There are 2 protein chains.
Amino acid sequence: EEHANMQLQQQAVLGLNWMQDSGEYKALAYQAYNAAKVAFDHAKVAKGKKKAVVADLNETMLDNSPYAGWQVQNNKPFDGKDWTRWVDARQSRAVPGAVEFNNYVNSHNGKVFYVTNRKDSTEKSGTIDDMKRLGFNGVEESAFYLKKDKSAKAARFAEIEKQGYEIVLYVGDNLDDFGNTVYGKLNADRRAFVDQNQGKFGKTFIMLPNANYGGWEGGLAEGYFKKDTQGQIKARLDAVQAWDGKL
Amino acid sequence: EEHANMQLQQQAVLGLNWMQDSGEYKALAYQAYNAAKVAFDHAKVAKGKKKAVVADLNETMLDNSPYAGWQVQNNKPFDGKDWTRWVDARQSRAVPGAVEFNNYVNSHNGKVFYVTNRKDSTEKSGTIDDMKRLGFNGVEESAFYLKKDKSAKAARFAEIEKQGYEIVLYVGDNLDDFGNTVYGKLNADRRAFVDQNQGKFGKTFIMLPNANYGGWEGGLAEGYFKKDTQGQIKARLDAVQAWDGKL
Ligand SMILES: Nc1ncnc2c1ncn2[C@@H]1O[C@H](COP(=O)(O)O)[C@@H](O)[C@H]1O
Ligand SMILES: Nc1ncnc2c1ncn2[C@@H]1O[C@H](COP(=O)(O)O)[C@@H](O)[C@H]1O
Ligand SMILES: [Mg+2]
Ligand SMILES: [Mg+2]
């Protein structure tokens with residue numbers, strides 16, 4: 001139903017306004033990247049290791065909010081085929097602070113590797129073109145670990161380590177950017193992971209804000225991503241914790 | 001129109017799910033408070049000054065998300081009279097990391113002052129009761145600078161300084177928690193303020209995420225808060241930046 005598609009996408013509007021328009025969102029991005037630089041400068045690695053930083057791309061270093069805007073305007077639930085066209089459109093923006101941090105790491109005895117679920121086979125060319133245009137240094141193909149057969153990222157982290165790197169910090173907007181332990185899990189387990197790692201945030205796990213999509217969306221209900229539009233609407237509304245209006 | 005009230009509040013749903021349910025939101029809160037502790041420990045003040053930390057309350061140290069949930073369920077635009085009842089309900093929660101940071105400052109030669117737009121005359125009793133219950137130390141009345149006649153906060157910051165304190169850092173979810181220079185201004189000016197202070201974030205200005213309300217909402221359009229429901233809906237949708245769907 002077009003009506004359901006409309007309601008589902010309307011639910012994203014206020015968070016999208018916040019991400020696209022607010023100074024507060026920018027401040028959170030700068031806060032993250034300022035903290036990331038401190039962590040990078042402090043980091044020491046094992047003898048014989050090279051210093052690596054692992055960075056997510058979407059909503060961490062690259063800003064895809066215009067795709068979300070298109071979803072709102074056209075009542076379009078997420079579809080990977082539309083996403084591929086968005087990537088090919090080569091209109092990605094940079095998250096504030098990301099280029100400066102990236103280029104600083106790469107010029108100060110580190111290497112940023114991009115571990116991202118943009119698709120290696122169909123989305124790599126647009127990604128690399130946009131990143132060059134946006135001012136990122138170090139965007140030769142070998143810096144990229146785009147999605148091949150698995151959305152979970154831990155195996156790609158391991159590939160980087162096998163190449164003689166020690167990963168000194170991770171940057172992401174999704175907890176699945178820090179490992180696999182809550183991949184595909186519901187939000188209670190994901191909150192628990194965060195509590196179990198409280199001291200790492202702003203140090204070795206650097207968070208960017210994303211109120212629009214992610215593992216937390218699937219985390220709203222068992223089988224969320226396989227539900228139809230009406231089911232996803234219901235899952236979102238059922239997750240709401242509300243005051244009963246009483247004292 | 002009930003229909004417009006419904007649409008307006010539906011637009012908050014996804015961001016509310018993110019704030020209420022996601023581990024990512026918790027991680028951002030921990031990141032902020034971890035950074036705040038580092039900044040506090042590093043801070044040195046002028047000879048003869050006492051160390052103060054200024055903290056916002058709502059969506060910085062106190063979590064009022066159930067009020068937002070009630071808005072969604074009842075199609076209720078924000079109303080200060082409803083807000084006062086929410087405060088009186090004494091069901092506020094704590095933002096993750098806030099109590100620990102607060103109590104650490106207060107036991108390590110600092111004092112946290114709460115500069116907040118909860119209302120001094122009608123909302124103070126519930127605020128203090130909730131904070132005691134939530135585990136905050138240092139919540140005697142004199143630690144509080146609740147709203148009296150002005151929503152802008154700079155004058156209250158000045159009161160704190162007049163009492164012999166040097167403010168070493170500010171914690172907030174709203175740029176207006178850092179001063180008055182973009183109070184009542186639109187989002188372009190607010191983004192500019194952030195760019196002009198890029199290096200302060202995560203150091204002397206500590207940001208918490210709030211995708212649900214704030215100065216950025218009013219910042220969406222001239223006279224936003226005076227518009228009717230339909231006008232606010234239009235302002236939000238008009239602010240959306242969308243991909244045109246082309247290459
Ligand atoms: N709104 C959305 N809902 C679900 N998946 C999305 C959405 N937007 C993007 N994606 C996918 O998630 C990936 C995230 O990539 P990254 O954050 O770099 O790992 C994208 O490349 C898309 O395949
Ligand atoms: N959704 C909302 N829209 C506008 N104002 C709000 C909303 N929720 C709360 N407020 C007001 O903003 C104040 C924020 O307080 P604080 O963040 O502590 O300065 C609250 O005490 C309310 O008076
Ligand atoms: Mg991402
Ligand atoms: Mg606040």
# chains A, B, ... in the order shown; residues from 1 in each chain; ligands from 1
call {"tool": "residues_around", "arguments": {"residues": "region 181-184 of chain B", "least_positions_apart": "4", "cutoff": "12 Å", "atoms": "only C-alpha atoms", "output": "PDB file with N, CA, C and O atoms, in the first residue's frame"}}
result
ATOM      1  N   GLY A  23      23.070  22.340  13.553  1.00  0.00           N
ATOM      2  CA  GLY A  23      24.450  22.528  13.959  1.00  0.00           C
ATOM      3  C   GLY A  23      24.841  21.448  14.956  1.00  0.00           C
ATOM      4  O   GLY A  23      25.996  21.024  15.013  1.00  0.00           O
ATOM      5  N   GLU A  24      23.870  20.986  15.740  1.00  0.00           N
ATOM      6  CA  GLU A  24      24.128  19.951  16.735  1.00  0.00           C
ATOM      7  C   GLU A  24      24.703  18.674  16.114  1.00  0.00           C
ATOM      8  O   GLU A  24      25.637  18.082  16.660  1.00  0.00           O
TER       9      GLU A  24
ATOM     10  N   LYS B 150      14.103  34.123  31.591  1.00  0.00           N
ATOM     11  CA  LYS B 150      14.759  34.053  30.286  1.00  0.00           C
ATOM     12  C   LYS B 150      15.150  32.631  29.908  1.00  0.00           C
ATOM     13  O   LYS B 150      15.747  31.921  30.711  1.00  0.00           O
ATOM     14  N   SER B 151      14.826  32.222  28.683  1.00  0.00           N
ATOM     15  CA  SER B 151      15.229  30.901  28.198  1.00  0.00           C
ATOM     16  C   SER B 151      16.704  30.858  27.792  1.00  0.00           C
ATOM     17  O   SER B 151      17.351  29.814  27.910  1.00  0.00           O
ATOM     18  N   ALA B 152      17.238  31.979  27.310  1.00  0.00           N
ATOM     19  CA  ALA B 152      18.664  32.032  26.984  1.00  0.00           C
ATOM     20  C   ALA B 152      19.471  31.864  28.267  1.00  0.00           C
ATOM     21  O   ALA B 152      19.091  32.387  29.317  1.00  0.00           O
ATOM     22  N   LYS B 153      20.583  31.142  28.179  1.00  0.00           N
ATOM     23  CA  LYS B 153      21.282  30.663  29.379  1.00  0.00           C
ATOM     24  C   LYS B 153      22.523  31.456  29.789  1.00  0.00           C
ATOM     25  O   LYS B 153      23.038  31.263  30.894  1.00  0.00           O
ATOM     26  N   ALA B 154      23.006  32.341  28.923  1.00  0.00           N
ATOM     27  CA  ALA B 154      24.272  33.021  29.205  1.00  0.00           C
ATOM     28  C   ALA B 154      24.273  33.797  30.527  1.00  0.00           C
ATOM     29  O   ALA B 154      25.285  33.828  31.223  1.00  0.00           O
ATOM     30  N   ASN B 174      21.946  20.948  23.076  1.00  0.00           N
ATOM     31  CA  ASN B 174      21.450  22.095  22.310  1.00  0.00           C
ATOM     32  C   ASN B 174      22.583  23.118  22.253  1.00  0.00           C
ATOM     33  O   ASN B 174      23.226  23.385  23.271  1.00  0.00           O
ATOM     34  N   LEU B 175      22.855  23.686  21.080  1.00  0.00           N
ATOM     35  CA  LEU B 175      23.919  24.682  20.995  1.00  0.00           C
ATOM     36  C   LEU B 175      23.695  25.854  21.944  1.00  0.00           C
ATOM     37  O   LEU B 175      24.653  26.530  22.331  1.00  0.00           O
ATOM     38  N   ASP B 176      22.439  26.106  22.308  1.00  0.00           N
ATOM     39  CA  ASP B 176      22.128  27.202  23.219  1.00  0.00           C
ATOM     40  C   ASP B 176      22.581  26.886  24.649  1.00  0.00           C
ATOM     41  O   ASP B 176      22.516  27.743  25.543  1.00  0.00           O
ATOM     42  N   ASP B 177      23.070  25.666  24.854  1.00  0.00           N
ATOM     43  CA  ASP B 177      23.663  25.284  26.130  1.00  0.00           C
ATOM     44  C   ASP B 177      25.117  25.740  26.242  1.00  0.00           C
ATOM     45  O   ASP B 177      25.767  25.518  27.266  1.00  0.00           O
ATOM     46  N   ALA B 188      21.280  27.823   9.572  1.00  0.00           N
ATOM     47  CA  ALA B 188      22.503  28.236   8.883  1.00  0.00           C
ATOM     48  C   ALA B 188      23.463  28.943   9.843  1.00  0.00           C
ATOM     49  O   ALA B 188      24.664  28.649   9.859  1.00  0.00           O
ATOM     50  N   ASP B 189      22.936  29.861  10.652  1.00  0.00           N
ATOM     51  CA  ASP B 189      23.762  30.560  11.637  1.00  0.00           C
ATOM     52  C   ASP B 189      24.264  29.602  12.712  1.00  0.00           C
ATOM     53  O   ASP B 189      25.375  29.745  13.216  1.00  0.00           O
ATOM     54  N   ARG B 190      23.446  28.617  13.058  1.00  0.00           N
ATOM     55  CA  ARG B 190      23.833  27.660  14.086  1.00  0.00           C
ATOM     56  C   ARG B 190      24.941  26.727  13.588  1.00  0.00           C
ATOM     57  O   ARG B 190      25.899  26.447  14.312  1.00  0.00           O
ATOM     58  N   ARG B 191      24.832  26.261  12.348  1.00  0.00           N
ATOM     59  CA  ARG B 191      25.927  25.500  11.746  1.00  0.00           C
ATOM     60  C   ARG B 191      27.215  26.324  11.687  1.00  0.00           C
ATOM     61  O   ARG B 191      28.299  25.801  11.924  1.00  0.00           O
ATOM     62  N   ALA B 192      27.093  27.612  11.378  1.00  0.00           N
ATOM     63  CA  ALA B 192      28.262  28.486  11.286  1.00  0.00           C
ATOM     64  C   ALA B 192      28.971  28.603  12.634  1.00  0.00           C
ATOM     65  O   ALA B 192      30.206  28.571  12.702  1.00  0.00           O
ATOM     66  N   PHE B 193      28.190  28.741  13.702  1.00  0.00           N
ATOM     67  CA  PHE B 193      28.747  28.768  15.050  1.00  0.00           C
ATOM     68  C   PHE B 193      29.565  27.503  15.324  1.00  0.00           C
ATOM     69  O   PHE B 193      30.663  27.556  15.886  1.00  0.00           O
ATOM     70  N   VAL B 194      29.018  26.358  14.941  1.00  0.00           N
ATOM     71  CA  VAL B 194      29.716  25.098  15.160  1.00  0.00           C
ATOM     72  C   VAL B 194      31.032  25.068  14.374  1.00  0.00           C
ATOM     73  O   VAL B 194      32.072  24.695  14.921  1.00  0.00           O
ATOM     74  N   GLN B 196      32.800  27.552  13.475  1.00  0.00           N
ATOM     75  CA  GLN B 196      33.698  28.530  14.086  1.00  0.00           C
ATOM     76  C   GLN B 196      34.290  28.037  15.403  1.00  0.00           C
ATOM     77  O   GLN B 196      35.229  28.640  15.936  1.00  0.00           O
ATOM     78  N   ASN B 197      33.745  26.943  15.924  1.00  0.00           N
ATOM     79  CA  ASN B 197      34.193  26.388  17.198  1.00  0.00           C
ATOM     80  C   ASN B 197      34.566  24.912  17.072  1.00  0.00           C
ATOM     81  O   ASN B 197      34.535  24.165  18.050  1.00  0.00           O
ATOM     82  N   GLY B 214      14.507  20.690  19.947  1.00  0.00           N
ATOM     83  CA  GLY B 214      15.523  21.638  20.367  1.00  0.00           C
ATOM     84  C   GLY B 214      15.542  22.907  19.538  1.00  0.00           C
ATOM     85  O   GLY B 214      14.628  23.168  18.745  1.00  0.00           O
ATOM     86  N   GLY B 215      16.583  23.708  19.741  1.00  0.00           N
ATOM     87  CA  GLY B 215      16.775  24.930  18.986  1.00  0.00           C
ATOM     88  C   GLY B 215      16.910  24.675  17.493  1.00  0.00           C
ATOM     89  O   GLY B 215      16.600  25.550  16.691  1.00  0.00           O
ATOM     90  N   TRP B 216      17.378  23.488  17.114  1.00  0.00           N
ATOM     91  CA  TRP B 216      17.467  23.147  15.696  1.00  0.00           C
ATOM     92  C   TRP B 216      16.088  22.980  15.065  1.00  0.00           C
ATOM     93  O   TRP B 216      15.940  23.136  13.859  1.00  0.00           O
ATOM     94  N   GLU B 217      15.077  22.656  15.869  1.00  0.00           N
ATOM     95  CA  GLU B 217      13.734  22.519  15.318  1.00  0.00           C
ATOM     96  C   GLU B 217      13.186  23.895  14.949  1.00  0.00           C
ATOM     97  O   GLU B 217      12.708  24.109  13.829  1.00  0.00           O
ATOM     98  N   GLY B 218      13.259  24.832  15.893  1.00  0.00           N
ATOM     99  CA  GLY B 218      12.902  26.208  15.602  1.00  0.00           C
ATOM    100  C   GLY B 218      13.762  26.758  14.475  1.00  0.00           C
ATOM    101  O   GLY B 218      13.322  27.594  13.691  1.00  0.00           O
ATOM    102  N   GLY B 219      14.996  26.277  14.390  1.00  0.00           N
ATOM    103  CA  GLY B 219      15.921  26.747  13.375  1.00  0.00           C
ATOM    104  C   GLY B 219      15.564  26.352  11.955  1.00  0.00           C
ATOM    105  O   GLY B 219      16.213  26.805  11.017  1.00  0.00           O
ATOM    106  N   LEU B 220      14.539  25.519  11.795  1.00  0.00           N
ATOM    107  CA  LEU B 220      14.121  25.054  10.470  1.00  0.00           C
ATOM    108  C   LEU B 220      13.449  26.139   9.630  1.00  0.00           C
ATOM    109  O   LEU B 220      13.421  26.038   8.408  1.00  0.00           O
ATOM    110  N   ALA B 221      12.902  27.167  10.276  1.00  0.00           N
ATOM    111  CA  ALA B 221      12.178  28.213   9.551  1.00  0.00           C
ATOM    112  C   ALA B 221      11.951  29.439  10.422  1.00  0.00           C
ATOM    113  O   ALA B 221      11.732  29.315  11.625  1.00  0.00           O
ATOM    114  N   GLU B 222      11.981  30.621   9.810  1.00  0.00           N
ATOM    115  CA  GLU B 222      11.651  31.847  10.530  1.00  0.00           C
ATOM    116  C   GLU B 222      10.268  31.711  11.166  1.00  0.00           C
ATOM    117  O   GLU B 222       9.306  31.319  10.501  1.00  0.00           O
ATOM    118  N   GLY B 223      10.181  32.012  12.459  1.00  0.00           N
ATOM    119  CA  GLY B 223       8.915  31.976  13.172  1.00  0.00           C
ATOM    120  C   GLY B 223       8.308  30.595  13.339  1.00  0.00           C
ATOM    121  O   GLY B 223       7.112  30.465  13.570  1.00  0.00           O
ATOM    122  N   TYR B 224       9.134  29.560  13.245  1.00  0.00           N
ATOM    123  CA  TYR B 224       8.657  28.181  13.305  1.00  0.00           C
ATOM    124  C   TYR B 224       7.732  27.888  14.489  1.00  0.00           C
ATOM    125  O   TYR B 224       6.673  27.281  14.322  1.00  0.00           O
ATOM    126  N   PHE B 225       8.139  28.300  15.685  1.00  0.00           N
ATOM    127  CA  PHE B 225       7.394  27.939  16.887  1.00  0.00           C
ATOM    128  C   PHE B 225       6.055  28.660  16.991  1.00  0.00           C
ATOM    129  O   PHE B 225       5.211  28.285  17.800  1.00  0.00           O
TER     130      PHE B 225
END
call {"tool": "residues_near_ligand", "arguments": {"ligand": "ligand 1", "cutoff": "9 Å", "atoms": "only C-alpha atoms and all ligand atoms", "output": "NGL selection string"}}
result
:A and (55-62 or 64 or 67-68 or 71 or 77-80 or 83-84 or 87 or 114-119 or 123 or 146-147 or 151 or 153 or 172-174 or 176-177 or 212-215 or 217-218 or 225)
call {"tool": "write_last_selection", "arguments": {"atoms": "C-alpha atoms", "output": "PDB file, in the first residue's frame"}}
result
ATOM      1  CA  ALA A  55      36.666   3.456   9.244  1.00  0.00           C
ATOM      2  CA  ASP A  56      33.142   2.758   8.153  1.00  0.00           C
ATOM      3  CA  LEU A  57      31.930   4.799   5.171  1.00  0.00           C
ATOM      4  CA  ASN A  58      28.171   5.359   5.095  1.00  0.00           C
ATOM      5  CA  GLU A  59      27.067   7.885   7.731  1.00  0.00           C
ATOM      6  CA  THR A  60      30.567   7.790   9.204  1.00  0.00           C
ATOM      7  CA  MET A  61      32.762   9.370   6.539  1.00  0.00           C
ATOM      8  CA  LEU A  62      30.217   9.700   3.708  1.00  0.00           C
ATOM      9  CA  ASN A  64      24.095   9.948   2.052  1.00  0.00           C
ATOM     10  CA  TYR A  67      19.018   9.454  -0.560  1.00  0.00           C
ATOM     11  CA  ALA A  68      16.945   9.531   2.641  1.00  0.00           C
ATOM     12  CA  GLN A  71      12.876   8.280   0.180  1.00  0.00           C
ATOM     13  CA  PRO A  77      11.228   2.107   1.613  1.00  0.00           C
ATOM     14  CA  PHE A  78      14.908   1.169   1.403  1.00  0.00           C
ATOM     15  CA  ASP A  79      15.766  -0.904  -1.660  1.00  0.00           C
ATOM     16  CA  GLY A  80      19.294  -1.955  -2.574  1.00  0.00           C
ATOM     17  CA  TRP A  83      20.789   2.501  -3.336  1.00  0.00           C
ATOM     18  CA  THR A  84      23.075   1.357  -6.154  1.00  0.00           C
ATOM     19  CA  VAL A  87      25.893   5.525  -5.315  1.00  0.00           C
ATOM     20  CA  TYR A 114      37.536   1.634   4.611  1.00  0.00           C
ATOM     21  CA  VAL A 115      35.461  -1.312   5.774  1.00  0.00           C
ATOM     22  CA  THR A 116      32.052  -0.607   4.354  1.00  0.00           C
ATOM     23  CA  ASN A 117      28.938  -2.309   3.081  1.00  0.00           C
ATOM     24  CA  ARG A 118      28.891  -0.410  -0.150  1.00  0.00           C
ATOM     25  CA  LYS A 119      29.084  -3.239  -2.672  1.00  0.00           C
ATOM     26  CA  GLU A 123      29.294   0.456  -6.014  1.00  0.00           C
ATOM     27  CA  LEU A 146      33.816  -3.223   0.338  1.00  0.00           C
ATOM     28  CA  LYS A 147      31.118  -5.857   0.768  1.00  0.00           C
ATOM     29  CA  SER A 151      27.663  -8.030   5.567  1.00  0.00           C
ATOM     30  CA  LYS A 153      32.654  -6.970   9.040  1.00  0.00           C
ATOM     31  CA  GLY A 172      31.458   3.902  12.790  1.00  0.00           C
ATOM     32  CA  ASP A 173      27.771   4.789  13.132  1.00  0.00           C
ATOM     33  CA  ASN A 174      26.657   1.164  13.652  1.00  0.00           C
ATOM     34  CA  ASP A 176      28.414  -3.762  13.769  1.00  0.00           C
ATOM     35  CA  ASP A 177      31.306  -1.514  12.724  1.00  0.00           C
ATOM     36  CA  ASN A 212      17.862   7.249  10.089  1.00  0.00           C
ATOM     37  CA  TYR A 213      18.855   3.579   9.630  1.00  0.00           C
ATOM     38  CA  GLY A 214      21.122   0.768  10.764  1.00  0.00           C
ATOM     39  CA  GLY A 215      21.416  -2.408  12.797  1.00  0.00           C
ATOM     40  CA  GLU A 217      16.402  -0.596  13.069  1.00  0.00           C
ATOM     41  CA  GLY A 218      16.493  -4.341  12.474  1.00  0.00           C
ATOM     42  CA  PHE A 225      13.823  -6.679   7.741  1.00  0.00           C
TER      43      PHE A 225
END
call {"tool": "closest_residue", "arguments": {"among": "B:229, B:120, B:159, B:65", "to": "ligand 4", "atoms": "only C-alpha atoms and all ligand atoms"}}
result
B:65
call {"tool": "residues_around", "arguments": {"residues": "residue 100 (chain B)", "least_positions_apart": "3", "cutoff": "9 Å", "atoms": "only C-alpha atoms", "output": "PDB file with N, CA, C and O atoms, in the first residue's frame"}}
result
ATOM      1  N   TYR B  33      30.466  11.455  27.773  1.00  0.00           N
ATOM      2  CA  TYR B  33      30.865  11.540  29.179  1.00  0.00           C
ATOM      3  C   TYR B  33      32.296  11.062  29.421  1.00  0.00           C
ATOM      4  O   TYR B  33      32.970  11.571  30.314  1.00  0.00           O
ATOM      5  N   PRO B  96      22.750   7.791  29.967  1.00  0.00           N
ATOM      6  CA  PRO B  96      23.869   6.910  30.336  1.00  0.00           C
ATOM      7  C   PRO B  96      25.171   7.684  30.548  1.00  0.00           C
ATOM      8  O   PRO B  96      25.510   8.568  29.752  1.00  0.00           O
ATOM      9  N   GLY B  97      25.890   7.341  31.614  1.00  0.00           N
ATOM     10  CA  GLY B  97      27.155   7.985  31.933  1.00  0.00           C
ATOM     11  C   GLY B  97      27.049   9.279  32.727  1.00  0.00           C
ATOM     12  O   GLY B  97      28.033   9.722  33.311  1.00  0.00           O
ATOM     13  N   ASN B 103      28.965  12.746  39.570  1.00  0.00           N
ATOM     14  CA  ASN B 103      29.461  12.433  40.896  1.00  0.00           C
ATOM     15  C   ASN B 103      30.987  12.457  40.962  1.00  0.00           C
ATOM     16  O   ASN B 103      31.562  12.785  41.997  1.00  0.00           O
ATOM     17  N   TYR B 104      31.636  12.117  39.851  1.00  0.00           N
ATOM     18  CA  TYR B 104      33.087  12.205  39.768  1.00  0.00           C
ATOM     19  C   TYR B 104      33.558  13.661  39.879  1.00  0.00           C
ATOM     20  O   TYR B 104      34.444  13.980  40.673  1.00  0.00           O
ATOM     21  N   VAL B 105      32.950  14.551  39.102  1.00  0.00           N
ATOM     22  CA  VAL B 105      33.302  15.965  39.178  1.00  0.00           C
ATOM     23  C   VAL B 105      33.164  16.473  40.615  1.00  0.00           C
ATOM     24  O   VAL B 105      34.066  17.130  41.164  1.00  0.00           O
ATOM     25  N   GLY B 135      20.367   8.925  41.599  1.00  0.00           N
ATOM     26  CA  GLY B 135      21.706   8.734  42.135  1.00  0.00           C
ATOM     27  C   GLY B 135      22.677   9.894  42.010  1.00  0.00           C
ATOM     28  O   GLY B 135      23.854   9.761  42.360  1.00  0.00           O
ATOM     29  N   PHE B 136      22.205  11.034  41.519  1.00  0.00           N
ATOM     30  CA  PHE B 136      23.058  12.214  41.429  1.00  0.00           C
ATOM     31  C   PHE B 136      23.422  12.726  42.817  1.00  0.00           C
ATOM     32  O   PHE B 136      22.543  12.871  43.673  1.00  0.00           O
TER      33      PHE B 136
END
call {"tool": "select_by_dssp", "arguments": {"residues": "region 64-155 of chain B", "states": "alpha helix (DSSP H)", "output": "PyMOL selection string"}}
result
chain B and resi 65-74+80-88+98-107+120-134+154-155
call {"tool": "write_last_selection", "arguments": {"atoms": "C-alpha atoms", "output": "PDB file, in the first residue's frame"}}
result
ATOM      1  CA  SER B  65      11.865  10.125  26.141  1.00  0.00           C
ATOM      2  CA  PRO B  66       8.655   8.709  27.674  1.00  0.00           C
ATOM      3  CA  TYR B  67       7.093  12.169  27.251  1.00  0.00           C
ATOM      4  CA  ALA B  68       7.953  12.002  23.538  1.00  0.00           C
ATOM      5  CA  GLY B  69       6.438   8.514  23.463  1.00  0.00           C
ATOM      6  CA  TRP B  70       3.246   9.896  24.988  1.00  0.00           C
ATOM      7  CA  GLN B  71       3.233  12.599  22.295  1.00  0.00           C
ATOM      8  CA  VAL B  72       3.441   9.951  19.587  1.00  0.00           C
ATOM      9  CA  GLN B  73       0.711   7.803  21.103  1.00  0.00           C
ATOM     10  CA  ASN B  74      -1.675  10.708  21.675  1.00  0.00           C
ATOM     11  CA  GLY B  80       4.415  23.399  28.253  1.00  0.00           C
ATOM     12  CA  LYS B  81       1.372  22.528  30.361  1.00  0.00           C
ATOM     13  CA  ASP B  82       1.724  18.854  29.457  1.00  0.00           C
ATOM     14  CA  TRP B  83       5.464  19.133  30.087  1.00  0.00           C
ATOM     15  CA  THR B  84       4.891  20.404  33.627  1.00  0.00           C
ATOM     16  CA  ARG B  85       2.679  17.384  34.315  1.00  0.00           C
ATOM     17  CA  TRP B  86       5.386  15.098  32.927  1.00  0.00           C
ATOM     18  CA  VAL B  87       7.958  16.674  35.268  1.00  0.00           C
ATOM     19  CA  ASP B  88       5.536  16.306  38.195  1.00  0.00           C
ATOM     20  CA  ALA B  98      25.715  11.222  33.350  1.00  0.00           C
ATOM     21  CA  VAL B  99      25.409  10.254  37.019  1.00  0.00           C
ATOM     22  CA  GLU B 100      28.927   8.791  37.134  1.00  0.00           C
ATOM     23  CA  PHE B 101      30.423  11.879  35.506  1.00  0.00           C
ATOM     24  CA  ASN B 102      28.417  14.220  37.730  1.00  0.00           C
ATOM     25  CA  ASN B 103      29.461  12.433  40.896  1.00  0.00           C
ATOM     26  CA  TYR B 104      33.087  12.205  39.768  1.00  0.00           C
ATOM     27  CA  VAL B 105      33.302  15.965  39.178  1.00  0.00           C
ATOM     28  CA  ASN B 106      31.725  16.681  42.547  1.00  0.00           C
ATOM     29  CA  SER B 107      34.181  14.398  44.379  1.00  0.00           C
ATOM     30  CA  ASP B 120      12.138  27.075  38.633  1.00  0.00           C
ATOM     31  CA  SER B 121       8.680  27.884  39.992  1.00  0.00           C
ATOM     32  CA  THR B 122       6.701  24.797  38.928  1.00  0.00           C
ATOM     33  CA  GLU B 123       9.171  22.086  37.912  1.00  0.00           C
ATOM     34  CA  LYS B 124      11.931  22.251  40.530  1.00  0.00           C
ATOM     35  CA  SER B 125      10.475  19.828  43.091  1.00  0.00           C
ATOM     36  CA  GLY B 126      10.062  16.966  40.613  1.00  0.00           C
ATOM     37  CA  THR B 127      13.491  17.630  39.124  1.00  0.00           C
ATOM     38  CA  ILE B 128      15.261  17.442  42.468  1.00  0.00           C
ATOM     39  CA  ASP B 129      13.305  14.379  43.552  1.00  0.00           C
ATOM     40  CA  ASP B 130      14.075  12.511  40.328  1.00  0.00           C
ATOM     41  CA  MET B 131      17.754  13.408  40.465  1.00  0.00           C
ATOM     42  CA  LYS B 132      18.117  12.207  44.055  1.00  0.00           C
ATOM     43  CA  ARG B 133      16.360   8.959  43.111  1.00  0.00           C
ATOM     44  CA  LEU B 134      18.543   8.526  40.025  1.00  0.00           C
ATOM     45  CA  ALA B 154      24.272  33.021  29.205  1.00  0.00           C
ATOM     46  CA  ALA B 155      23.093  35.189  32.114  1.00  0.00           C
TER      47      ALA B 155
END
call {"tool": "atom_distance", "arguments": {"atom1": "CA of residue 201 (chain A)", "atom2": "atom 19 (O, counted along the ligand's line) of ligand 2"}}
result
25.3 Å
call {"tool": "closest_residue", "arguments": {"among": "B:209, B:110, B:179, B:231", "to": "chain A", "atoms": "only C-alpha atoms"}}
result
B:209
call {"tool": "closest_residue", "arguments": {"among": "B:137, B:109, B:230, B:187", "to": "chain A", "atoms": "only C-alpha atoms"}}
result
B:187
call {"tool": "residues_around", "arguments": {"residues": "residue 164 (chain B)", "least_positions_apart": "5", "cutoff": "12 Å", "atoms": "only C-alpha atoms", "output": "list in words"}}
result
residues 45, 46, 47, 48, 49, 50, 51, 52, 111, 157, 158 and 159 of chain B
call {"tool": "write_last_selection", "arguments": {"atoms": "N, CA and C atoms", "output": "compact mmCIF listing (two decimals), in the first residue's frame"}}
result
# COMPACT_ATOMS: atom_id res chain seq x y z
N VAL B 45 42.34 26.12 36.25
CA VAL B 45 41.66 27.40 36.32
C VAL B 45 42.57 28.49 36.84
N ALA B 46 42.13 29.73 36.69
CA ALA B 46 42.89 30.88 37.18
C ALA B 46 43.07 30.81 38.70
N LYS B 47 44.16 31.38 39.18
CA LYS B 47 44.43 31.43 40.62
C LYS B 47 43.23 32.03 41.35
N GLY B 48 42.81 31.38 42.43
CA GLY B 48 41.70 31.88 43.23
C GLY B 48 40.32 31.46 42.75
N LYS B 49 40.25 30.78 41.60
CA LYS B 49 38.96 30.32 41.09
C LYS B 49 38.67 28.90 41.55
N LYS B 50 37.38 28.58 41.66
CA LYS B 50 36.94 27.21 41.88
C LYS B 50 36.53 26.61 40.53
N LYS B 51 36.68 25.29 40.39
CA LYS B 51 36.36 24.61 39.13
C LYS B 51 34.88 24.30 39.03
N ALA B 52 34.22 24.82 38.00
CA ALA B 52 32.82 24.49 37.75
C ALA B 52 32.64 23.78 36.43
N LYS B 111 32.53 21.33 40.85
CA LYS B 111 31.11 21.42 41.17
C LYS B 111 30.34 21.49 39.87
N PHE B 157 25.04 31.48 33.28
CA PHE B 157 26.46 31.16 33.29
C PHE B 157 27.22 32.27 34.01
N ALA B 158 26.84 33.51 33.74
CA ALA B 158 27.52 34.65 34.35
C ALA B 158 27.30 34.68 35.86
N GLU B 159 26.13 34.26 36.32
CA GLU B 159 25.85 34.20 37.76
C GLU B 159 26.82 33.25 38.44
